[PDB]
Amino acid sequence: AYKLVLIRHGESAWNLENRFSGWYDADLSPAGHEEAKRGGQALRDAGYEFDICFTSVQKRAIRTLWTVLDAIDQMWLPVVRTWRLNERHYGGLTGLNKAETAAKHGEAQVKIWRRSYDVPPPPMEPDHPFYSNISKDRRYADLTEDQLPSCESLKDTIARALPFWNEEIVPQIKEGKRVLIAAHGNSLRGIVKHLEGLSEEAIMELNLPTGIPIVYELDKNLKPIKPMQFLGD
């Protein structure tokens, strides 16, 4: 019986989590930091212990993981950062609010995007204020032309998340290490989907809470032995 914990970062700055933050490396707001502190406290109260930590390369996630580790006094744990856990890449929508998206592209198209699993938003073009910021960012310089996305469908995000899960995270769990994952809504979606074998429509319907420990209890083949349980009051 293995124990796996997910945490999803809370609010980022400038209201960006309602502006398709995506691959833009927004920091937490003071609120989102607070949220992460609460998740840490929860974990501390419950006496949890971990042996390895996995996170994305985006600082809203990393800073949540740091807050948690501090709260529970395991700042000495090994930490592995992978872009494969990055937030979904929203391409040209990244930065816009709901109204600006509708203005730019129309409510029919937005609805189609909001409802599709396989259909990407329009790519981030050079005239986008985040194009160089993200695509020429030092931290992705090792990614081949095909790996570095200009935009992703939920299918795409999950596709590039799972290979890291399988190849890195699964081995450690099998070796009995107690994993903690701090990441973002859509990458955690992909993990959960492969876990609970959910349908496309089902996963699009799932919306994981922020800054809250999500506890999974697993059997010897990594299937959950019961539904996901949360942590707090």
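Note that residue numbering follows the sequence shown and begins at 1. Under this definition, the rigid core comprises the largest set of C-alpha atoms superposing within 1.5 Å between the forms.
Choosing between 152-160 and 101-109, the greater Cα displacement from the shown form in 8 other deposited structures of this protein, fitted by the core, goes with 101-109. Of 80-88 and 125-133, the stretch whose C-alpha atoms sit farther from the shown form in 8 other deposited structures of this protein, after fitting on the rigid core, is 125-133. If you average the C-alpha B-factors over 56-64 and over 42-50, the higher value belongs to 42-50. Between the stretches 202-210 and 25-33, it is 202-210 that shows the larger average CA temperature factor. Among the modelled residues of its chain, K111 has a C-alpha B-factor that falls in the highest third, as given in the PDB entry. In this PDB entry, the Cα temperature factor of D146 sits in the top third of its chain's modelled residues, the highest group.
Per the deposited record, the Cα B-factor of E100 falls in the middle third when ranked against the other modelled residues of its chain. For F130, the recorded CA B-factor ranks within the middle third of the chain. Only modelled residues enter the ranking.
In the deposited entry, the Cα temperature factor of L195 sits in the top third of values across the chain's modelled residues.
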